[PDB]
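>>> coords please:
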Amino acid sequence: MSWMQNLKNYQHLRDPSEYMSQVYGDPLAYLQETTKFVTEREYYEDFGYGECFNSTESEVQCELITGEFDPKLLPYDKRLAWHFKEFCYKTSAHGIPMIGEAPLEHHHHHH
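Numbering: from 1, shown residues only. Dropping the coordinates below:
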């Protein structure tokens, strides 16, 4: 939500707090996310993002509707904005990548 916008307005270090609450999939993935910072194949090919790429939906649902992550308070860095768009601002959910790949891994967090 708005706090993700608040922090991204000044990405100082690598604070995973909002990223671990932003993860609409497996938290381990967004750990890789916040740690690497748009710099790795496995990052955007094997483990990152959430339901926007993987073949499942988890405890947290895609923030697209219920929150705010668009480049509004985010300083203009095209490479960064592009990736954050790729993972978060994704139209085709569950499948279809942009730069890297999308593993169709089945993961049932809860019934």
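
>>> list the contacts of residue 109.
56, 58, 59 (Cβ atoms under 8 Å, 6 or more residues apart in numbering). Placement of C-beta: from N, CA and C, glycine included.

>>> just residue 52 next, same as before
24, 25, 62, 87, 88, 90, 93, 94.

>>> what helix or strand does it sit in?
Per DSSP states H and E, residue 52 falls between elements, in no helix or strand.

>>> circling back: buried ones among the contacts of residue 109?
If you count burial by 16 or more other Cβ atoms under 10 Å, the buried members of those come out as residue 58.

>>> okay if I get the contacts of residue 109 as CSV plus distance to residue 80?
Formatted as CSV, those follow (distance: Cβ to Cβ, whole Å):
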residue, distance to residue 80
56, 27
58, 24
59, 26
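
>>> need the contacts of residue 109 in a markdown table with distance to residue 44 and secondary structure, can you?
Formatted as a markdown table, the contacts of residue 109 follow (distance: Cβ to Cβ, whole Å; DSSP: H, G, I helix; E, B strand; the rest coil):
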| residue | distance to residue 44 | secondary structure |
| --- | --- | --- |
| 56 | 18 | coil |
| 58 | 19 | coil |
| 59 | 22 | coil |
